[PDB]
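Below: the structure, in structure tokens.
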Amino acid sequence: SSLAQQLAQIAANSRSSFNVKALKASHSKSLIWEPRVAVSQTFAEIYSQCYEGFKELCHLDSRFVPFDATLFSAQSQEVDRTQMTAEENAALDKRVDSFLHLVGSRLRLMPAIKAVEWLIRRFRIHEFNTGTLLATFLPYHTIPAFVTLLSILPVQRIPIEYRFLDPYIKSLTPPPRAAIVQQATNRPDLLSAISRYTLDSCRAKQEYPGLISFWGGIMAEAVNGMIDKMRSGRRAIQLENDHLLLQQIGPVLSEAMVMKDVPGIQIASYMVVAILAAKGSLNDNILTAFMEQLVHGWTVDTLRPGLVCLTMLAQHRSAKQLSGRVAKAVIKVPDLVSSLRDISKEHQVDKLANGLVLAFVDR
Amino acid sequence: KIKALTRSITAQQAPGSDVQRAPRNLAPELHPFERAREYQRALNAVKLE
Amino acid sequence: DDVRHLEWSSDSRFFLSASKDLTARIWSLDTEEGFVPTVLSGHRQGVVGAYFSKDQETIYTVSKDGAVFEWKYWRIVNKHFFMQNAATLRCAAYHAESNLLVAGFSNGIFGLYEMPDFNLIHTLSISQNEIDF
Amino acid sequence: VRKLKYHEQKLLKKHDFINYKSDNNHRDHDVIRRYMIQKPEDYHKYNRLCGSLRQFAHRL
Amino acid sequence: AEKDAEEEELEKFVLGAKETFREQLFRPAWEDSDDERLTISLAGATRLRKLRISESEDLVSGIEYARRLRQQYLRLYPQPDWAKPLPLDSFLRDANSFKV
Amino acid sequence: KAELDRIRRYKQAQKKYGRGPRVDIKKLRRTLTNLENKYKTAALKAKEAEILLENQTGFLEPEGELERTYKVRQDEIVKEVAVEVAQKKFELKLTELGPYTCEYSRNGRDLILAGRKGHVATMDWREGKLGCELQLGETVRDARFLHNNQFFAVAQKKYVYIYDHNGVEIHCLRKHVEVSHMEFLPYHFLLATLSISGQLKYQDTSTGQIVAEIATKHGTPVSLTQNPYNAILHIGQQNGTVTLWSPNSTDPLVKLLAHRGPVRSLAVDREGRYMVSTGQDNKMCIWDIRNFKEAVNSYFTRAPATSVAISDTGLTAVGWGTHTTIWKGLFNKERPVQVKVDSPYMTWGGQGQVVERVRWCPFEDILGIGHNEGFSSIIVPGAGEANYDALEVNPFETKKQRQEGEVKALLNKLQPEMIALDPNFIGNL
Amino acid sequence: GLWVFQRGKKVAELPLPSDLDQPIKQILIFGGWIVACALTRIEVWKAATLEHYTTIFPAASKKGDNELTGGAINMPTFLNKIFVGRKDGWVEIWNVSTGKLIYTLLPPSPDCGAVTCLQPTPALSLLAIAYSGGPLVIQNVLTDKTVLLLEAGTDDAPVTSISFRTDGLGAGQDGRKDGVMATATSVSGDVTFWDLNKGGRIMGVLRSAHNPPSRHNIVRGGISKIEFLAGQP
Amino acid sequence: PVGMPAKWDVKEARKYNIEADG
RNA sequence: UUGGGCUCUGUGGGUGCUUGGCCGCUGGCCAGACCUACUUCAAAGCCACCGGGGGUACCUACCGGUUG
């Protein structure tokens, strides 16, 4: 069936429609309505419903005025997606992605679902941008709107990352984060895809605490499961697995720890580093790298948990004294011994204080 | 200046309606056999009358 | 198209190719100074041979539909066919020293022709099936 | 090809895309399908040997 | 002014505004002495038939020949994004980390 | 002041639409001023109603002074051209079973690719819907659709079988033996064939009886096409002549002195204004096929062109040897004296695959090339008529419009005795 | 000798100079030139006639700086010039058509000072010169300004092979950006890949692609060359 | 199954030849 | 022997003796280039697979003609 395979790959590659069964079955998809009501519905009608919702969201926030200028404009009723060159489909996917990053906080609200339902029912973001749309509804993977997404979602235009949702598309029930986290352990393609999203919304200052807590949760239980996989006890295998783990996780934490203007994902990366020094027996030079970057990515708002991470990292480090920059910024900590006593009521602080005072002997 | 000619099935059905929109070109390069198809239509007209 | 036959010169400096398309072609081994490599034109079906003489001026060419042409310098000096009822010419060999062309056919017969000019020596039938080589 | 109406059928009496009179009432592959003949060329080979054998009976 | 605000209201409502929808969518160390003395005619060679501007230009210096051949190396391969600090980032870009 | 331009649109109106000279000028006199005024306003309202046409035609223009149209790669076209037809530039790799004949429907919605070692497949190529892929064993000379994409006919090693949309054999055609070329007359229902022994067989595919067998005397045939305007039929004969036929005339109806070797390939316009052929003597020449007058000093091809196929607009597709060139302005219909095209336009390149049949899509701007390794499909902006008429031919036809168009076509099956050179002959003295 | 083959058989020789006593390590054809690099001299033939043009002699300071261990290399858009890497840290810029030392560039980090391997970039006018003490330095060579600095080699095991990818993708932790480097070492059989965009992180290592050079074993592992097949993954 | 490798065919590339640098 | 086992899937080599990728190929190209010329002389014939019996009005083939 060689020609059947090549034509099948053309058909699953095909982003357009050429019979009337597929205009009706393609225009039938909707978040709000039913299929029978959504088939016989022009685009001025859907623009009225939605753009009522986008008037509401433009009252509720303020960064939606350029998307009034482009995406929810009065002229965007007549923009067919499939008659657009790839520079135009690329730029339109840029504005679609930036709008969806912007919306993703308020997504339990019906004005947000109305605006997203205009993006689906005209621009077919469920057919052209499924990674970003699954990435934005995927924090809210327990609300029923995620299951309406899982009923309008095309089964074979979904990234291999997100293909764990196939029995949840098949039987219309929302998936648990046991399943999300389990395939986040086995596939590093998935765990990077979440962290490629969350860091992309924070360079433009569009974060929200469900995104921060959701991402930090998946990195927490996921890196736990990864360390439990990567243990073997064979020396060269656990060395090679420690290097592979640092190469997977490494750059995500390396921006997240320094991202001072988002103290949330700064604290979540503190959290994953604390898990990583705690359960994962990483080498002393790696732990000095975590301590020095923790020391550099430092805020008044993230003082108090960052000190706890210094106690964890210094406590599981095998060498005795600290290194330089750590001692300098801990000098710049205002209430040192009192804060370390409050930490020592619940943790162990003594190797951190020993590395400090020994480094002060060596200054 | 590379423009092709593009058609979707929106020009067949505007989506949201059921009017099978039927465009029509009346240039005679596309409709051959004027006298002959009208002969056969006329012969069927006499046979049906 | 395919190349059915290849015939050298006597002095091994030119060779010549009998097609399967329609044509023959005259070719060198190294670049001569007054020679351009050139094409011997239309038969009806396609040449089963194209043989030199001793004196390398006239070139003979034997098609599949019976016809055998003599070319001079580059046009054709005399095309001459021969009749045959229900058969097509499927092999031909030319001895250039003794100036004779054999030609075996589809119906088991071979003709034998002295050829400075078209002149039948002999012909007889040996099979009920075609003559291959 | 819908089921033709009254006036369209009587304007098309001889018409059928499926059976022709040349198709010999599809007797060829009634016999092919019935006796598992994996090639219709072998049907017609047997048919012409039937025809020559039966005209030999005729001229006997 | 030739186009009043009322006229642009009617042009937006009546006719269509895909033009404005599109417009809103779209928002040295050393020097060689040889290249004064390395003149090349471009329409000699077939591969150099196609980096001249107009048809009637041959006499091209080594400098100008270098510029055209730079523009074609960019034409076959546009300039990469990487070609245009932190302790853990330095730890990742250092290969003393990854040992046996 | 402007009434001169009114008379200019009157001139172009009665050129394109008036279809005749005009009736020159007592009760007869007033009935023919009546008829002539109604005909005048009929042509003028057709010309005014030409502004309602939806689609524009594709083009590409040399914006510089040194960028030229035969150099433009299809990476540049697929990038600079819209994404729905950038889908339609696809390829399809099938090595094992012979060189692949291809043929579309006449709405462009389906194609058969026949493969000479046996492999014959019918597909909806846009939506990737493989309607059939039949294996068929022994060799395959030609495949072609019938009136719809619902029945197709393939010329086998010995007979010609015709098949339903599911690829099930409805019947073997025995009366046509070693058919080497086929053409379907669509306004008739008239499957016309050339056998390998030079015998035209004109069948009716609706009634099912063969209607005109005529043995052409010129030996074995080497080419065959079909004039869409006249329904007359061009067979290409290996003495060098394009021999032009009909079911009625048992002699050749008109034979033209085309070339010197066997004339390898044939094509005619759908408007039936001109003709282009090519043979062994590698010239490729065109004729004003109405006046039967070679209008252009012949072109050459770098190899004997196994295919040519010309488009719904003026683009011609000559497939020679291992790569195919398109040619734009070979016959300008509006120009009296025909000038030569000094340079081609969109050559599809040669990378080791001998093209066995070129085709055009009828209403898309793509070209379907039929090489030894399978089917390649390329986009070329100028081709295909932009505006169709869904009364006659509909690229987007539902099942209701298929069934209705089939039964209206069967009610307007022209008779095979209605075929001549000038097809507006009916009703003369 | 320098023999010249075609189709498996010899079609030419090449005239070596009389004053030559050194094994000859770098054959390099570009422009209209065939250039070979022996050990401390470079002999350059004109390639259109196979005819010997000149012999380039590098400078000498301490009888080790004249040694030529980085080889020689060509840039794409640099006209008649060749870039040599010495046993000092120096990489020199030579107009091979006229013989002159036109420019010389000095290593960064003067503790690391023997050019072990050098390679052009897919960008214009940038090189990956590769020092024995460990750094890969990748540089403008008409601004003479560093673009990146990396610490790829061990002092016990420097980079001896370095090869960029000209596919156009491969980097950015999903793979959509170019800037994928490959490096290897004569001491190990492990090849190391570098994302090159922000600061050039490492991204992975094929461990025992080929066998390691094993002390007290009879097998003969190690590596000799890396090449990205150009334009391809 | 999703993410299995395709068969290796050689990818074409308009690469740059260096004999024009001289 | 610091995990194992079934099943399924993919990719690469092998299952015939090792001479290059492409073209308008005695040469050139693999970054392509130039694109439309040139012309004295239509064609030699034969052959060319439909199952059996039977009908022959119309068409066609062939044979013999007939005037105009």
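Quick mapping for you: the protein sequence lines, in order, are chains G, d, A, a, N, F, O and U. Sequential numbering of the first sequence, starting at 3, is according to PDB author numbering. Sequential numbering of the second sequence, starting at 2, is according to PDB author numbering. Mind the numbering: the third sequence is residues 152 to 224, 243 to 302 in PDB author numbering, read in order. Sequential numbering of the fourth sequence, starting at 2, is according to PDB author numbering. Mind the numbering: the fifth sequence is residues 46 to 72, 134 to 190, 227 to 242 in PDB author numbering, read in order. Mind the numbering: the sixth sequence is residues 36 to 60, 66 to 469 in PDB author numbering, read in order. Sequential numbering of the seventh sequence, starting at 118, is according to PDB author numbering. Sequential numbering of the eighth sequence, starting at 425, is according to PDB author numbering. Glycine included, C-beta positions come from ideal geometry on N, C-alpha and C.
Residue i: contacting residues in chain N (beta-carbon distance under 9 Å)
i: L106(F); result: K156, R158, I159, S160, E161
i: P227(O); result: Neighbours of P227(O) on chain N: none; closest Cβ ~19 Å, over 9 Å.
Beta-carbon neighbours of residue i, restricted to chain O and to distances below 8 Å
i: residue 99(N); result: Along chain N, the last residue before the gap is 72 and the first after it is 134, so residue 99(N) carries no coordinates.
Span separating the alpha-carbon of residue i from that of residue j
i: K51(F); j: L157(A); result: 59 Å
i: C204(G); j: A117(G); result: 22 Å
i: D82(G); j: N26(a); result: 53 Å
i: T245(F); j: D40(F); result: 50 Å
i: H143(G); j: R179(G); result: 8 Å
i: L174(F); j: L153(F); result: 11 Å
i: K129(F); j: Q14(d); result: 25 Å
i: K179(O); j: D205(O); result: 10 Å
i: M386(F); j: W367(F); result: 8 Å
i: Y440(U); j: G125(O); result: 26 Å
i: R337(O); j: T302(O); result: 15 Å
i: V161(O); j: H169(O); result: 6 Å
Interface partners of residue i on chain F, CB under 7 Å
i: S9(d); result: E124
i: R3(a); result: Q443, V447
i: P16(d); result: In chain order: nothing, as chain F lies at least about 13 Å away.
i: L173(A); result: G301, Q320
Residues sharing a beta bridge with residue i, DSSP
i: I366(F); result: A357(F), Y385(F)
i: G188(O); result: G202(O)
i: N257(O); result: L243(O)
i: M315(F); result: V308(F), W327(F)
i: residue 406(O); result: Nothing about residue 406(O) can be read from this structure; chain O reaches only from 118 to 350.
i: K133(F); result: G414(F)
i: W150(O); result: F147(O), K163(O)
i: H211(F); result: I202(F)
Expected contact under 8 Å - CB spacing of residue i and residue j to nearest Å
i: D141(N); j: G61(N); result: That belief does not hold up - the Cβ atoms of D141(N) and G61(N) are roughly 54 Å apart, past 8 Å.
i: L253(O); j: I279(O); result: 7 Å
i: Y110(F); j: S383(F); result: 7 Å
i: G359(F); j: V348(F); result: 7 Å
9 Å Cβ cut-off: residues of chain G touching residue i
i: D291(O); result: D191, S194, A195, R198
Proximal residues of chain U, C-beta to C-beta of residue i below 8 Å
i: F195(O); result: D445
i: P350(O); result: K435
Neighbour list for residue i in chain d, Cβ cutoff strictly below 9 Å
i: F45(G); result: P16, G17
Interface partners of residue i on chain A, CB under 9 Å
i: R300(F); result: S192, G193
Partner residues on chain G for residue i, Cβ-Cβ distance less than 8 Å
i: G259(F); result: In chain order: nothing, as chain G lies at least about 37 Å away.
i: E120(F); result: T87
Chain O residues whose Cβ lies nearer than 9 Å to that of residue i
i: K439(U); result: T283, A347, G348
Contacts of residue i in chain O (Cβ-Cβ under 7 Å)
i: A151(N); result: Correct list: empty, because the minimum Cβ distance to chain O is about 12 Å.
request  = For the segment 211-222 of chain O, enumerate the residues whose C-beta is nearer than 9 Å to any C-beta of chain N, in chain order.
outcome  = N212, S214, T215, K217, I219, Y220, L222
request  = Check distances from the C-beta atoms of the segment 252-266 of chain G to those of chain N and list, in chain order, the residues that come in under 9 Å.
outcome  = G252, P253, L255, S256, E257, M259, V260
request  = Residues of the segment 8-37 of chain G with a CB closer than 9 Å to any CB of chain d: list them in chain order, please.
outcome  = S18, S19, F20, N21, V22, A24, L25, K26, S28, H29
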